[PDB]
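Residue numbers (UniProt numbering), protein chains in the order written: chain A, 6 to 172; chain B, 3 to 133; chain C, 2 to 123.
Here's the structure we're looking at; comments come further down.
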RNA sequence: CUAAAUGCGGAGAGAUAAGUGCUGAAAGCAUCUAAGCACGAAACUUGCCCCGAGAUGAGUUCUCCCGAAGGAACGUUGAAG
RNA sequence: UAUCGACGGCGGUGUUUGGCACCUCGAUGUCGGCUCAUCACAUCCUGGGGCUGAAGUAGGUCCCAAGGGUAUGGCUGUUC
RNA sequence: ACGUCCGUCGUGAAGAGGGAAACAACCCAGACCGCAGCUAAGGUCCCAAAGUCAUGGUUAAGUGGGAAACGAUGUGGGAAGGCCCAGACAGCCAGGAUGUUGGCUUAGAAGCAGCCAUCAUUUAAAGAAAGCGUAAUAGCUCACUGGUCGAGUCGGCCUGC
C-alpha cells in the first residue's frame, strides 16, 4: 500500500475502476483495472494489493506515477517552449505548415493530434500547451522530427531546426 | 585413445618449455580442472604464455602436466602408411581432478587474472583453487 | 543504325565515311538513333596531317534512314545516315562547318551551340 | 487484319519491421517496455483489372411442367462458332 | 582492434576434390551447349542499413533487397 | 569407394499379440476351437472402448521436443570474505590540489604511446595518478575525505531451468 496525499486544490473521486481528478486547469478521467483495489480517502488516495509479486509492484509503480501525473496536469498543466532557428533562409512556421525550410520549395507538416493549442507568435518562441501529456509531448517531438534533415546530410552544417527550450 | 608415446619415429619439437618461476621452494597450490581432456602442446603454450605474460609482478608459476602422448594424422587417399606426425603433436592427459598450473603464492593473488586469461584458451571449464 | 554500320560525316575534320562502333548508355540488340552520342572509328579520310584513318572518337547522329513520327502524325525519312564528330570538350564538334539539316528537339532543351551552326532546321 | 501506328495504364488509406520517441516500472535514480502508447519501409491487405459455380457454403433471379400462365425440336441468318 | 592481419585454437556449409562399393551395371547411353515447360534464393548498380585506416570528399568491407533488367560477337566440337 | 577382418549388441533368421503416430530390432509379453472372467502392451476427456482417478511438485514455456563451441543482475536456491546504525558501504552536493609540462624518449606525449622511478608539499582527502578524451594541451570521472542520505549493501563459490 502506497498512500498518495492530494493537494488542497485537488479533488478526486473514484467509482469502480474509474478515477476522475478535478481542479483548475481541467479534469482527467483514467481507468486502472488490475489485481488491486484503488480507493480514495478523505485526504489520501490508497493503492495496495494483497500479494507482493513482482508484477504486482510493477503495476504499483506506474499507478502511483500516473496518479501523480494527473495531479500536476490539473494544478500546473503541461506546456513546452520551442524556438526556431535558421542561418540563411528564415523558416516561416505557421499554425498550419512551416515553409521555406533550408530553402526547400514544398513545406513540411504534421497533423495535430488530440486537441491542444500551439499558438505561435511572430517571433522566435512558440508554445504547445494542452491537457493530455502523451499528446503535448508527441506534437513537440514530431515538430523537431521533420526539422531533421531527411537526406544523407549530417548535422552541424544544417543549423535550421526548431528545438524545445524547456521540457 | 590408447595412451601413446614414441619408440617409433621422431616428430616435431616442443612448442612449450619455459617452466618459469624459481624452484628453490616447493609449494602446494594450483588450478584444478573439473573434467578429463586431451590438450595439445600448442594450446598449452598459449595458456602458459598467457599467464606468464601477466604475472610480471613476480613468478613462482609452474606446471606439472606435460604433453607425452603423440597423435598422427593422414591426408589424402589411403592404403600405405599408418600415420605421420603433423600438426597433431604431443598431447597431455588431464584427470577430472588434476592440478595443472600452480603458483607459489600466499593470499596476494594477482595471477587469478592471469589464470583467467589462460582459462579461456584451453578447451575445458577450469576452476580456481586456493588449497 | 547498329554496330559495324557505315554512315557519312557531316563536319569537316577530313573524314568521309564512318563505321559505327557502339552507343553510350544503351544496351540493346544493335542500335543508335539520332541525338545519341556514339564512339566510332572513321574508315575513309586523310591518313596524314593528324592520324585520322584508324583513330576512335565520339560522334552525334543527326540523320538516319528510319522514319520518326511527329506529334502531328507525319513521318520523316532520309536517304542514308550521317553524324558529327566531337572532341573531349564537353559536346563540341571538331570540324568548323556542318552539312545537313537538323531536328527541333535537338536544339533548345539539349544543344544550344549545335543549332547556332545549323544551316537548316526542319 | 496487321506494323517500325495510335488512345489508356493513380493517388491515397490502414497495419508492422529496422529505427526514432512518449509515459513508466523491476533497482524510491535512470531507462523506448518488461504492461501501455505516438510515429515509422518501393514490402503486407485492400483498392483496380482479368478468370471464375465441379467455389461441397457445387449460387442466384424471374418466368416456364403443378392439366396447362411455356419450353426443346423446326425454318431463314449472324455483332457466334 | 580504425582497412590488412601471421602462429594457434574452435566451428559452419558441402558449390570443389579425394574419394570407405549397402542402392542402379537382369544397364535412371556420357560432358557442355541448344531448344521447351514447371517450382526457388547465402546477389553487382540503384533503395534502406552496420563498421570504418568513417574529419569532409572519395573509397574499403559487410547485411538487406529481385522491384525491374542480365538483349550481343571472332578462334575451338569443346564445358569452366 | 554402397569393404576385408575382429569385438559388443541387435535384429533379417524361427515370432504372434501390442504400444511407440506409421516401423526389423526400444518397452512389455508369447498363438487350438467356441466361450466366460481377469490382467499385460498401451491407453483410459471426446471421436474411442476404459477415472476429465489419488498424493506432491515444477514449468507457463504450449514449452510439449534437433540443436552446438560461446554469452547472460530472466529468475529461484545454497555456502563463504569484508564493510554496517559511536552516521559507514553505495546515492546527492563540493573538492580531487602545489613543485611538476618527474626524468628520459619523442615531430609532440604536460597522470593516461613507450622506457624507469612513483618520492616530497598543504594538509580532512587528493595515487606525480585507475579510465574516457586531445595532434599535443584542455575537458570529464575514479581512487581518498567532509556534509547530507539512514539501510541493507558489496566482492566471491556452487547448483536448477
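The beta-carbon is built from N, C-alpha and C at its ideal position, and this holds for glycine as well.
Residue i classed as buried or exposed, judged by whether at least 16 other C-beta atoms fall within 10 angstroms
i             : result
residue 14/C  : buried
residue 31/B  : buried
residue 24/C  : buried
residue 28/A  : buried
residue 32/A  : exposed
residue 64/B  : buried
residue 9/B   : exposed
residue 128/A : exposed
residue 18/B  : buried
residue 113/C : exposed
residue 72/A  : buried
residue 19/C  : buried
Beta-carbon proximity check, residue i vs residue j, cutoff 8 Å
i             : j             : result
residue 39/C  : residue 62/C  : yes
residue 102/B : residue 71/B  : no
residue 90/A  : residue 151/A : no
residue 60/C  : residue 86/C  : yes
residue 74/A  : residue 165/A : no
residue 38/B  : residue 98/B  : yes
residue 21/C  : residue 2/C   : yes
residue 126/A : residue 143/A : no
residue 80/A  : residue 15/A  : yes
residue 83/C  : residue 9/C   : yes
residue 6/C   : residue 35/C  : no
residue 91/B  : residue 14/B  : yes
residue 26/A  : residue 83/A  : no
residue 99/C  : residue 108/C : no
residue 92/C  : residue 103/C : no
residue 41/B  : residue 89/B  : no
residue 12/C  : residue 94/C  : yes
residue 9/A   : residue 55/A  : no
residue 3/B   : residue 124/B : no
N- and C-terminal bounds of the alpha helix (DSSP H) containing residue i
i             : result
residue 61/A  : 59-80
residue 53/B  : 43-54
residue 28/B  : From DSSP, residue 28/B is part of no alpha helix (DSSP H); its letter is neither H nor E.
residue 88/A  : Element bounds for residue 88/A: not the alpha helix (DSSP H) but the beta strand (DSSP E), 83-88.
residue 75/B  : Per DSSP, residue 75/B belongs to no alpha helix (DSSP H) and is neither H nor E.
residue 116/C : 114-117
residue 11/C  : No alpha helix (DSSP H) contains residue 11/C, which DSSP labels as neither H nor E.
residue 141/A : 138-141
heavy atom of the ligand ADP below 7 Å from residue i C-beta
i             : result
residue 128/B : With respect to the ligand ADP, the structure offers nothing, as it holds no ligand at all.
Opening and closing residue of the beta strand (DSSP E) in which residue i lies
i             : result
residue 16/A  : 16-20
residue 40/C  : 38-41
residue 58/C  : 58-64
residue 20/C  : 18-24
residue 83/C  : 83-87
residue 132/A : 130-135
Practice task
Take every Cβ of the segment 104-111 of chain B, pair it with every Cβ of the segment 13-29 of chain B, and state whether three or more of those distances are shorter than 8 Å.
Solution key: yes
Exercise for the section: Evaluate the contact criterion for the segment 82-102 of chain A versus the segment 42-51 of chain A: three or more CB pairs, one atom per stretch, below 8 Å. Expected result: no
Handout entry: the segment 110-121 of chain B contacting the segment 42-52 of chain B, beta-carbon criterion three pairs below 8 Å
Key = yes
Problem - Contiguous beta strand (DSSP E) assignments of at least 3 residues, all confined to the segment 18-58 of chain A - result: 23-27, 33-36, 43-45, 49-52
Handout entry: Whole runs of the alpha helix (DSSP H) within the segment 89-132 of chain B, excluding any shorter than 4 residues
Key = 114-120
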